[PDB]
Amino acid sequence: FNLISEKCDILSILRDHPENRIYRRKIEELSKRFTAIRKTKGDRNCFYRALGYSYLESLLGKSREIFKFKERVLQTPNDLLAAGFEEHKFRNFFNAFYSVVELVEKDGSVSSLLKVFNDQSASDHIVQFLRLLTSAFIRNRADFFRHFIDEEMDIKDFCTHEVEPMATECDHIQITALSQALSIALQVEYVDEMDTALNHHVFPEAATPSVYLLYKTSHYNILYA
């Protein structure tokens, strides 16, 4: 369990910032709304890895929602092709992602899903897929991302440098894009070391979340309501 941990009590993470007043206050507050946490490896891939694992875990045993998600996943090659990715270069990553969606459907266990996400090869192929899908979604909607995020940004260069490569850290653009690309509602809790309110954001605004993440020290861990 070196990429995604077993479930732990939320206050187990106090030991990560011992004798730190502000972190202790915010983790204690967080423990009022959330009961448990899973830790993810801090390797630069943890947003993709955590969203992928937590969303698929949220589907287990839900036959309608699995059917709908599979229907969307089967269309994602078209998104990739429309953005200029070549099928023979994305095939291995798409196949790995479709494989774990089928495991959610056929096997239906947390244990099986956690084993795939802790398999370095399967897990990294999944992350690479999610990165390419994020890139495709931004590229195909470049006007949207310029209008609403930043009119001055260079979309193609951003995707090439800060989305597609493994180990590249995320910002709110990648979160919004991957949430929209897979129709995943997620809530991010923000814990920094400033003497400020614990606060969160829901991607997109309207929505009931499937996934809750804790963002702290440039890192995403998985929360349980």
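From 1 onward, residues are counted along the sequence shown.
Judged by mean Cα B factor in the deposited record, 167 to 175 ranks above the other of 65 to 73 and 167 to 175. With 112 to 120 and 126 to 134 compared on mean CA B-factor from the PDB entry, the stretch scoring higher is 112 to 120. Out of 44, 49, 26, 39, the entry records its largest CA B-factor for 39. Remark: of 187, 160, 35, 58, 35 shows the highest value [criterion: C-alpha B-factor in the PDB entry]. Among the modelled residues of its chain, residue 207 has a C-alpha B-factor that falls in the highest third according to the deposited record. Annotation for residue 90: C-alpha temperature factor in the middle third relative to the rest of the modelled chain, per the entry. Annotation for residue 106: C-alpha temperature factor in the highest third relative to the rest of the modelled chain, per the entry. In the PDB entry, residue 139 places in the lowest third of its chain by CA B-factor. Per the deposited record, the Cα B-factor of residue 225 falls in the highest third when ranked against the other modelled residues of its chain.
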